Amino acid sequence: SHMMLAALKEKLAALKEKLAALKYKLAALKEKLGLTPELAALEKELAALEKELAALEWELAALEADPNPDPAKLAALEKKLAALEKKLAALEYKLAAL
């Protein structure tokens, strides 16, 4: 469980850093391309993924505090973070395609 928790925290931190970088890239594209509806949809998505990462971090905080973290809850968190990473990758592509 300890190794699992360490890997999940490292994954969470990595996605948080990517999130922030894309926020600055999106704002730069808004100033270069204008206030386009495509960018509005990407901004909506980035904001939702930011809300989800914050909620997942509360979940990880609880599991790290638990002296006997539930392995199934740990495995399910890995899957949620992997799903979020896929969405963040799809958003990063779209920003790089503008």
Side-chain angles (χ1 to χ4, degrees), residues 1-16 18-24 26-85 88-98:
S1 68
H2 181 103
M3 306 181 42
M4 193 54 176
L5 279 163
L8 290 167
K9 205 167 181 144
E10 293 199 17
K11 173 63 67 192
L12 205 30
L15 298 178
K16 271 162 98 194
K18 169 126 276 177
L19 202 293
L22 294 184
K23 288 173 65 154
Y24 285 91
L26 203 160
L29 286 167
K30 284 169 65 203
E31 190 91 58
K32 179 176 187 160
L33 305 179
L35 284 198
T36 80
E38 291 79 25
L39 277 166
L42 295 176
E43 193 175 321
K44 190 166 149 71
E45 168 84 319
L46 248 192
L49 297 179
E50 191 169 37
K51 303 222 164 43
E52 201 192 332
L53 267 187
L56 294 182
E57 183 171 60
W58 279 109
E59 293 189 33
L60 191 57
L63 287 169
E64 173 169 308
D66 194 329
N68 199 35
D70 187 303
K73 287 185 160 143
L74 291 173
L77 193 36
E78 194 199 333
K79 270 186 125 47
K80 296 177 195 177
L81 287 167
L84 203 151
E85 184 174 350
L88 265 181
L91 190 178
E92 180 174 22
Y93 177 98
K94 288 176 190 127
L95 287 168
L98 288 174

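Both backbone and side-chain heavy atoms feed into the values below; hydrogens, waters and symmetry mates do not. Throughout, residue positions are numbered sequentially from 1 according to the sequence presented.
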Rounded to the nearest 0.5 Å, how far does [atom2] of [Y] lie from [atom1] of [X]?
{"X": "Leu39", "Y": "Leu26", "atom1": "CG", "atom2": "CG", "value": "5.5 Å"}
{"X": "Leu53", "Y": "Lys18", "atom1": "CG", "atom2": "NZ", "value": "13.0 Å"}
{"X": "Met4", "Y": "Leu77", "atom1": "CE", "atom2": "CG", "value": "7.5 Å"}

Between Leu19 and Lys23, does the side-chain contact (heavy atoms from CB on, under 4.5 Å) criterion hold? Intermediate values first, please. CA-CA 6 Å; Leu19 202 293; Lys23 288 173 65 154; 3.5 Å; yes
Mind checking whether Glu38 and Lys94 have side chains closer than 4.5 Å, heavy atoms only?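 Answer no - side chains too far apart.
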Closest approach of [X] to [Y] (non-hydrogen atoms, all atoms of both residues):
{"X": "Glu52", "Y": "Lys80", "result": "OE2-O, 4.5 Å"}
{"X": "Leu91", "Y": "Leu42", "result": "CD1-O, 4.1 Å"}
{"X": "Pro69", "Y": "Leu63", "result": "CB-O, 3.6 Å"}
{"X": "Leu15", "Y": "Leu88", "result": "O-CD1, 3.8 Å"}

